[PDB]
Amino acid sequence: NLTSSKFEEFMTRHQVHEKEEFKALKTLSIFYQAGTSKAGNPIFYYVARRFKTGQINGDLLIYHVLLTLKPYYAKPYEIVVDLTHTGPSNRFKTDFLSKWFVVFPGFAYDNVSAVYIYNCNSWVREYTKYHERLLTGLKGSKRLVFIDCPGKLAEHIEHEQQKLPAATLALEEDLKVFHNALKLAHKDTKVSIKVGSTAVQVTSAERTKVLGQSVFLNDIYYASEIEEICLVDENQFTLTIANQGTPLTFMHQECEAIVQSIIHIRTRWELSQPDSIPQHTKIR
Ligand SMILES: CCCCCCCCCCCCCCCCCC(=O)O[C@@H](COC(=O)CCCCCCCCCCCCCCC)COP(=O)(O)OCCN
């Protein structure tokens, strides 16, 4: 017996404005409004990789999202979802994922004009497949728009109005592209490794079906997550990532040149961290 009105009433009396954990949600900037699109509707951003799946009460996030939509959700609006560097540590669960469908007034769902998903990656696609039963409503919908490059965003949201997180923008500068590479797995597929100053981006060069739509799957591995860099052969090199299990092996004509480039970034981070040395070793 849960509806949009009871949830709204419950939070109000269960006062949360002075919790000192509801305030931090604003500074963290998980959900905020910025700019307007060509059609003239306001645009809201959702930074997906700022939510830790077990550190705050889930109901607080819903209330914060709701409280910033009341003045606007009576008319059409648009949402930009930023999935940069999203992983299993910031997922929703079935108990908490199904709440999002039964908490807002029924017309709030209809006013959503379009959705712009940004920087999808492999984990998200697998996450969608597992929960495909719930997300059947979104299957094949025409309101989902997938962005392939930052330039395409200009068409829908005009430049000088887009406000993405400062971190997200920094991940598209000083790039060192290596086109035509190939990824070695159970089923290989073209990729294009890029090695910026801070992190390594494995941008797939082939479109794949996500929620019934073809799209590219860009993946980002940060320096701190890089553990092993080796060159088995000039044809192939292998990378090991923390907590990801099996290492990733790729084939390129100049793997040694690419392998050298990654080492430079890793070495600089080693100097960057001030801590002398960690204590003990984690074993699984
Ligand atoms: C109603 C307004 C909702 C505003 C939400 C703002 C915050 C965005 C957060 C997006 C990620 C987390 C929530 C994802 C589930 C949202 C489910 C939902 O509300 O879906 C309905 C409305 O959705 C929308 O209008 C916008 C959908 C947002 C984008 C969804 C992306 C899905 C792709 C995978 C996301 C993986 C996220 C991983 C964890 C962060 C679909 O329409 P319907 O016909 O089923 O509704 C009638 C139900 N009685």
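Residues numbered from 1 in each chain as written, not as in the entry; some residues may be left out. Part of a larger assembly, values for the part shown. Heavy atoms only, no water.

- This deposited entry lists cryo-EM as its structure determination method and 3.3 Å as its resolution.

Digging into the side chain of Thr128
- Structurally, the position occupied by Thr128 is in helix α6 (residues 122-130).
- Residue classification places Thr128 among the buried positions, given a relative accessible area of 9%.
- In this structure, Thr128 is in contact with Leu135 and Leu211, ignoring residues within four places of it in sequence. (Helix = DSSP H or I, 4+ residues; strand = E, 2+ residues; numbered from the N terminus. Buried < 20%, exposed > 50% of the residue type's maximum accessible area, 1.4 Å probe, protein only. Contact = heavy atoms within 4.5 Å.)

As for the site of the ligand
- In the vicinity of the ligand there are 14 residues, among which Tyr77, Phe92, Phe101, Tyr109 and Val112 approach most closely.
- Within the complex, 85% of the 1,000 Å² of free accessible area of the ligand lies under protein.
- Counted by class, the shell around the ligand contains 13 nonpolar, 1 polar and no charged residues. (Near = heavy atom within 4 Å. Areas by Shrake-Rupley, 256 points an atom, 1.4 Å probe, with all protein chains shown as cover. Nonpolar A, V, L, I, M, F, W, Y, C, P; charged D, E, K, R; others polar.)

Notes on the pairing of strand β15 (residues 248-251)
- Both strand β7 (residues 182-184) and β15 contribute to a ladder of 3 bridges, which runs antiparallel. The residue bridging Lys183 from the neighbouring strand is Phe250, located in β15.
- Relative to β15, strand β14 (residues 236-241) runs antiparallel, the two sharing 4 bridges. Paired with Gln236 across the two strands is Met251, which belongs to β15.
- Counting the residues in the hairpin turn of β14 and β15 gives 6 residues, including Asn243, whose phi is positive at 70°. (Pairing = 2+ DSSP bridges.)

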